[PDB]
Each structure stands twice: as C-alpha cells, then as structure tokens.
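here is the input, now give the coordinates:
(chains A and B)
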Number of protein chains: 2
Amino acid sequence: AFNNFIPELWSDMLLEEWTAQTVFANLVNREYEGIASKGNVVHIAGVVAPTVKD
Amino acid sequence: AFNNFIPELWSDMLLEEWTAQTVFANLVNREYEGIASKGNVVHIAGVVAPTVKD
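Residues are numbered from 1 along each chain as shown, chains lettered A, B, ... in the order given. Provided below are the atomic coordinates:
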C-alpha cells in the first residue's frame, strides 16, 4: 500500500571507529612535562649515592 | 663532580637590533598627502613667466 510514505531513517549519531585501547601514556612517568613548557631537550640527573664506611 | 645537574640558561629577552634613526620623512614636503589618498598620480604644474619685451 504505502510505497511513498514510509520513511527510511538516518541515525543522527556517527558510529565510532574502534582502533585499540591506549595504555602506555598513563603507565610511564609524566613529571618532566612541567619544566618542558619550552625548549626541545630535558636533562634528567640521577644521584650517585655516597658509600657506607666501617 | 656534577656533569649533568648544572644547567645552561637562556635569557627570555631578545636583543633588538641597533638600527639608524629615520629622519627624512619629516624633513621633506608632505602637503600632497591630503590629495594623494585616492589616485596613482599627482600632477604638479608650474607657471612660465610672461616675457619682457623691448
């Protein structure tokens, strides 16, 4: 009967592309971001501990 | 002792170039800037004096 008055509909929402879960940026250290607001190298120094004497 | 923990620092101020003071724009006649706001040419016309006859 209704060849002309039953609509086809489009969802107003796009279906997201899946990709993969990202994890590594939460798992590594982020503390050097603050100093790194400028420049192109961060220099990171570590302590050589003083030795224990008898 | 410290090979890695002593920084090198960059000044946050650029040295602006020392450049010559510009003088000639204020020394020459500017009166045509009132007319010359519109076209690509100003015509300036001068009198030729009438000649004295014997």
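
now do the SS call for the spatially most central residue of chain A.
Centroid-nearest residue in chain A, with C-alpha atoms, centre = their mean: residue A:25, separated by 5.4 Å. What DSSP: H, G, I helix; E, B strand; the rest coil gives for residue A:25 is helix.

which ones are touching it?
The contact partners of residue A:25, by C-beta atoms under 8 Å, 6 or more residues apart in numbering or on different chains, come to none. To be clear about C-beta, it is placed using only N, CA and C from the backbone, and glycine gets the same treatment.

check whether stretch A:45-54 comes near chain B.
Yes - Stretch A:45-54 lies within reach of chain B by C-beta under 8 Å from any C-beta of the partner chain, at residue A:45.

so what touches that stretch?
For stretch A:45-54, contacts defined as C-beta under 8 Å, 6+ apart pick out B:2, B:4-5.

columns neighbour count on top of the residues you listed, output as TSV?
What follows is the contacts of stretch A:45-54, written out as TSV (neighbours: other C-beta atoms under 10 Å in any protein chain shown):
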residue	neighbour count
B:2	6
B:4	9
B:5	11
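
chain A next: which of these are close?
Okay, of these touching chain A (C-beta under 8 Å from any C-beta), that's B:2, B:4-5.

interface residues of chain A facing chain B?
Residues of chain A found near chain B (C-beta under 8 Å from any C-beta) are A:39, A:43, A:45.

next one: the first one from residue B:29, what distance?
Separation of residue A:39 from residue B:29 (C-beta to C-beta, to the nearest Å): 53 Å.

the more surrounded of the two?
residue A:39 (9 against 6; other C-beta atoms under 10 Å in any protein chain shown).

if I pick the more buried one, what's in contact with it?
Residue A:39 neighbours (C-beta under 8 Å, 6+ apart): residue B:10.

state the helix or strand in which it lies.
Using DSSP states H and E, residue A:39 maps to neither a helix nor a strand.

now the residue of chain A found nearest chain B. Its backbone dihedrals?
Residue nearest to chain B within chain A: residue A:45 (4.0 Å; C-beta to the nearest C-beta). Backbone torsions of residue A:45, given as degrees, to the nearest 10, read phi -110, psi 140.
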